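Below: the structure, in structure tokens.
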Amino acid sequence: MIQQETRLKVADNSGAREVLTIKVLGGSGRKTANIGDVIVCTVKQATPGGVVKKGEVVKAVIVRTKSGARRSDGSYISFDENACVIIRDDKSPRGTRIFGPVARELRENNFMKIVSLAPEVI
Amino acid sequence: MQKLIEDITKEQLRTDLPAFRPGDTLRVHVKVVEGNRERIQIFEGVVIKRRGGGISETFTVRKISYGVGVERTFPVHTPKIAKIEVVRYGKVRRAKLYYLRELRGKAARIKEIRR
Amino acid sequence: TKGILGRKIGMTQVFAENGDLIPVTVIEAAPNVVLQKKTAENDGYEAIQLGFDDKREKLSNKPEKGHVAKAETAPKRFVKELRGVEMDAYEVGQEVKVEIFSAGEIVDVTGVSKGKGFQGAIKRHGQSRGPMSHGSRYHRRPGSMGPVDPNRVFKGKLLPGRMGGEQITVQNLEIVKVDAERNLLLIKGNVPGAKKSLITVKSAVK
Amino acid sequence: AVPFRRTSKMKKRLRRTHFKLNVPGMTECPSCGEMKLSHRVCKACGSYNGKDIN
Amino acid sequence: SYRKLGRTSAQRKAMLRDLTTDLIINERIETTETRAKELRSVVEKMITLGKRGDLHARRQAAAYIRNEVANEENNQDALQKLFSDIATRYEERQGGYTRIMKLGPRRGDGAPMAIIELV
RNA sequence: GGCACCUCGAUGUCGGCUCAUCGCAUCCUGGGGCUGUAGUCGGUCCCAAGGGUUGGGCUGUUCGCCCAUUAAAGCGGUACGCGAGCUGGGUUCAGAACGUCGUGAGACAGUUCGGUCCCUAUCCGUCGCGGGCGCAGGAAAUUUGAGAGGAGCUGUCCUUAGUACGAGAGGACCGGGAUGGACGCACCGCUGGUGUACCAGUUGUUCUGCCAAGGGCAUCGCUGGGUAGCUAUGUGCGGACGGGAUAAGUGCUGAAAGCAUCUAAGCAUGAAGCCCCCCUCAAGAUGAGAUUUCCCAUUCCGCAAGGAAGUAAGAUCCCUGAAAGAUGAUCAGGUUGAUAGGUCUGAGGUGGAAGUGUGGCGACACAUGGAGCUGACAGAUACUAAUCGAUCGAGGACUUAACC
């Protein structure tokens, strides 16, 4: 359950490393957020050489969380880190390549572009 | 109730799963369907939990993947696990192996029991 | 409409023959019996009174014994009645069993909810409580009564009291599976009432 | 946190209407001689359910 | 459930152990009703251990009941008294080795007194 | 703000928290007129109070500006709602300080640091739960529904359809389908929490004569797990489809007043609004209702007004309990009985017991052996406890019809 002010680990080579959740997009007042949907966020600290500087506001999709997802099958997928990928509103990532595994949730919650770029999907 | 419940769920509980313990490392074949394309995605990890009874009884397995751990949990008697095989038997003490969540990087050795 | 009278035995899960997993409540309903066919011309409305569970002769008083004598069956522990059913469809004293329902039907279920005893405002009506720190001596109290001008407190402010034990309804439940040989019903989801309590099952009005 | 008007004798008595305690449960001890409580070993006879208890 | 007896877990366990030991000692005991009700199950479970009689049961019982003298001329510790005499007396009747006789309440607090006896 | 009328034998002042509730001069959602309304989007006005009407930065602040959103981020009343409900950051005490004024003590709707917020609820009132009595016999159930309470909110996307419309850019009404946000109800099968009479490891000291094995204490000594129950962040479900009368609006017919006219006579249509349909309570509804069934209309006295005293059906006392519970109460049972505790067999949880033997100098490791233990969890079982008892509890007035 990613949440307002929650800090997320960037999972791509856009130059960003850590982001701060501005708050979750969607309904009027949303308390929570799970894997699949975009969230607005500011980059809190970043690599020097990159397209994203320190302290600008961007929109990202949370790609994996340590509070897992539930499937209609009944299985569960839990990680050991909360990470997100920065996206421009066309739903394509701003990073040229991404790191680490990625949840299957992002295919039906259509981010198949990111899934295709991803190195590993579970 | 218990006897009645197991009576109405015995037909659905599976039969062809080899015995394994929470400390073992193990492979699972899951018949995920992607684009109207059924395909076995192969997952290898260390078991952590065996919990629950009847068909409710469920198990978990943990993989380290590209520097990020992933924990996969299934209901044991699920129809969409195509095949299941233990690859090595682990020698551990605890019943539920929660501490690998914190512990990483070859300090998480699992001694092979050979029994 | 249709319905039967049964007892909640427990809860479990079942696979739907698709890969998905369904949580399901398990209800046993030994064949009910219709005791009285309430009819408009004398009773002001149409309905059937039916009973589910049996009683020993030690516990069956003579009044209810004579009452059930018309249906000619064992004295029934639990009795209830259903409206909107066709009077002509049911003879008095005939059995209902469980095959009247079948897998796939949409269903509404009602029954007494679990008791919870004298509970506070937070547990009862789920309204936030005062800060836990900064010297707040207002930890878990139920809020101000009301304004000053009315010189009283209005009716309907939510205060502590008893909980549970009022019949509740859940709408649009699904009958996953039926096992006539055991007299068993399997409802998707979960149902009010503690274990081994009385549950009544009705075809959904919606 | 204080009474505002002294309670009348009528109100006092009326509140006291339910303050009475009810009689206990008496049962003549089958061992002869005197009365006893129910399900309690008889104080005097020192017996219960026919069997004598020392 | 199990009664809290109005005292913390530590001294509750100690008190139940003392009551069990006193039962093994005296064969008859006078306490308040609820103490007797709780004592019933644990003492008739210790009886099951005694009837079982293996060394594992000996050690399990010794881990619970306390070493007061039960027969001073023979110096029968509660353990050996239990396992030798009482378990033999109660190997014949498959459970239920206790009784509760209710008495008139005590003078001081009117609490309901009870007699326990193994029988 | 003007007045000083109640309160100076004391009516606690800003803001916030908790809780709301009301008006509609409507912020969104619903229905319409006009538009300099092509269409998506708008402006103004009318009906509309059912529901909803967000999280942060700054400041004691409300108020404001800012960031990010949402359909919207309404305006007001309720002692500028709410301190015998809370907070005390500011104003409004005593200390101290800066600037200023004062010869000076000292003073500043100028500033700054610090600065005790009392109360066992008597009566109304409110939320729950009992007892008594009445319902022209006494009981066991099932119910009618007067009449109350709750819900009653909405986005996005696919399609219709790149279709109407627009050189073009751009982009529909109406109508289908999926899914979501917040709320509310229910429940542990699942994910998790807790789980202090469950299992295991472990430090110090002390005790069980000693080894071994155990016990007490040390926040449950600490730590890793965890049954039931309770539980949300977990799961299922709802605000659906409709009927009737209307608001604004649009009307058909048609005179008053040969025309015209939604009007006066008639007939329609028309909103998240109203009354039902949905859910809960409900016969103290003193108007005490109805239906199904059982008991029967005895014994005593003035014979009779009407009394009392044993009973019928059926309850209670008392006892074993929980799915219920603050205590009453409700529910499951009281020996032809499974109500609770044992005993036996299981589920789940811990997880490899003690004692032995083998290897090793040893700490330790294997085998015996998925062992030992196990609180509530579910089956069987008459082993212990629910025995003797006692108490309460009917015998029924005038008239219409119609029949012994």
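Any read-out appearing in this document is the output of simple, stated calculations on the displayed coordinates, not a laboratory observation. Here the Cβ positions follow ideal geometry from the backbone for every residue, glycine too, while neighbour counts run over all protein chains shown.
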Worksheet entry | All positions within the stretch D:2-40 that are more than 9 Å from RNA strand F (Cβ to nearest atom) and part of a loop (DSSP other than H, G, I, E, B) | D:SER8, D:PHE19, D:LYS20, D:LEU21, D:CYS32, D:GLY33, D:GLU34
Discussion item. Yes or no: the stretch A:58-73 includes at least one residue that is exposed (fewer than 14 other Cβ atoms within 10 Å of the Cβ), part of a strand (DSSP E or B) and either more than 14 Å from chain C (Cβ to nearest Cβ) or in contact with a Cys (Cβ under 8 Å, 6 or more places away or on another chain) (or both).
Written reply: no
Response to the item:
If we ask which residues in the stretch A:88-116 are more than 14 Å from chain B (Cβ to nearest Cβ) and either in contact (Cβ under 8 Å) with a residue 60 or more places away in the chain or touching a strand residue (DSSP E or B) at 6+ places or on another chain (Cβ under 7 Å) (or both), their number turns out to be 9
Worksheet item: Do you know which residues across the stretch E:64-99 are of a type in the set (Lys, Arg), within 23 Å of E:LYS37 (Cβ to Cβ) and touching a helix residue (DSSP H, G or I) at 6+ places or on another chain (Cβ under 7 Å)?
Response: E:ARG66
Item to complete: Go over the candidates C:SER102, C:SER128, C:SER144, C:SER113 one by one and state the one that is within 6 Å of RNA strand F (Cβ to nearest atom) and either in contact (Cβ under 8 Å) with a residue 24 or more places away in the chain or surrounded by 14 or more Cβ atoms within 10 Å (Cβ to Cβ) (or both).
Response: C:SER113
Item to complete: Mind checking which strands (runs of 3 or more DSSP E) fall wholly inside the stretch E:10-119 and carry at least 2 residues that are near RNA strand F (Cβ under 7 Å from one of its atoms) and either hydroxyl-bearing (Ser, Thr, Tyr) or closer than 26 Å to D:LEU37 by Cβ (or both)?
Response: E:99-102
Practice prompt. State whether the residues of the stretch C:168-176 include one that is more than 16 Å from the chain's Cα centre (by Cα), under 30 Å from C:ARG83 (Cα atoms) and hydrophobic (A, V, I, L, M, F, W, C).
Written response: yes
Discussion item. Out of C:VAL109, C:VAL92, I need the residue that is aliphatic (A, V, I, L, M) and in a loop (DSSP other than H, G, I, E, B). Which one?
Written reply: C:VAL92
Response to the item:
Among strands (runs of 3 or more DSSP E) entirely inside the stretch C:1-85, those with 3 or more residues being within 18 Å of the chain's Cα centre (by Cα) are C:3-15, C:21-28, C:47-51, C:79-83
Response to the item:
If we keep only residues of the stretch B:76-91 that are within 15 Å of B:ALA19 (Cα to Cα) and assigned to a strand (DSSP E or B), then the residue farthest from the other protein chains (Cβ to nearest Cβ) is B:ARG88
Worksheet item: Within the stretch C:92-102, which residues are closer than 19 Å to C:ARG7 by Cα and among the hydrophobic types (A, V, I, L, M, F, W, C)?
Response: C:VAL96, C:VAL98, C:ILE100, C:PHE101
Worksheet item: Only one residue in B:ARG14, B:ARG21, B:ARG72, B:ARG94 is within 11 Å of another protein chain (Cβ to nearest Cβ), of a type outside the set (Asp, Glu) and in a loop (DSSP other than H, G, I, E, B). Which one?
Response: B:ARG14
